[PDB]
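This document opens with one chain alone, in structure tokens, the form deposited in one PDB entry.
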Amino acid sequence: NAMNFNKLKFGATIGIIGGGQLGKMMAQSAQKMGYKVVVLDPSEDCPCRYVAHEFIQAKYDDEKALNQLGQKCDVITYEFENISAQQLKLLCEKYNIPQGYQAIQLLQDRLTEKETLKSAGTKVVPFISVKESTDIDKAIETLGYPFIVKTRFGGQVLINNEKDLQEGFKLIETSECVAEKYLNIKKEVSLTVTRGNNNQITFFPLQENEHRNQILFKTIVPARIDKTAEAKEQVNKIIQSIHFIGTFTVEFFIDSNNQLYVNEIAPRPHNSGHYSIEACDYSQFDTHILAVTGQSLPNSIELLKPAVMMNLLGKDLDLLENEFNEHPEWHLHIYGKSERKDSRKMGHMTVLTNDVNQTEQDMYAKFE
């Protein structure tokens, strides 16, 4: 909604909805810059809690607590798709939330997201609504094989042949779905972006992402596939349809034919952007705080040195934690979570390097 919003100076208070690693890192940028931080999260053990001037323990559905956080802050931002869009909407109406509620609302709804992106003139993966058993017939006819059916609201079945059709019938029964073409994906990249006051926008270096088990495993900067220009064009069509301020990320597929497709949008700092803390002259959190408090953003971000960022899951710590002592060049971030679980994101690692290919090979060896 607001093109121009309050310019808050050091000393003002920033509220953060959610206290995970993302809010943690926001809050550290904020306190570095002289901003006070209030963080809200149901968990007493959230990683953000002891980098906040004040901690409000409550669930994201709790209207009173969210209102207390409003009363306490000169601006509010959010670190995960936690809060309901309806609660967010109410909150934007009463307090200063330059991010607005529109992006969160839209991004909860796979069908409408896909349609507004298509209406934007952005290159989305072809798609169809699968409301009823009968629509699956349409889908085979229009999309696959292979095609993937995902739940429309807030589950996936890959569907390669008829051998997978019965399993798919099962999901449309429970909840409404959306079907997409299943691309033979050459590579995967992302663009982290920050949008500020008076239509200012700045772009981070195109990032190259590897996933393992649908969890981000490796990010390499600079992306080894030149798609910066096309990614920016798609991002620019995106911003005409969806309002962002602060940092957001757009994820992309590159198919077999070097063709670029918008995949997913994160209306917040994103895992694929963490490398920027060490490798850039601003981090995705630095700019997020500048944007949200209404300051000028830098015109460009400089990649000071190339980098390979590895997530650290519970299982990765189990494997690697005894070697950390010996590798200062790993630039460890450890979030502070009490409870290690195998696939839980416990920290990450950013290796600055002049040889990204070689560094990549070292990590494969290292994480096997």
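Start at 1 with the first residue shown and count on from there. Here, rigid core means the biggest group of C-alpha atoms that superpose within 1.5 Å across both forms.
- The entry models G154 and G155 with a gap of 4 to 9 deposited residues left without coordinates.
The protein also exists as the form deposited in another entry; that form is not presented, and the subsequent description refers to it.
- Only one of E278, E251, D135, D74 has its Cα shifted by 2 Å or more between this form and the one not shown after fitting on the core, and that residue is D135.
- If you fit the rigid core between this form and the one not shown, you'll see the Cα of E176 move by 2 angstroms or more.
- Once the cores line up, the CA of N213 ends up less than 2 angstroms apart between this form and the one not shown.
- When the rigid core is held fixed, the Cα atom of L165 travels 2 angstroms or more between this form and the one not shown.
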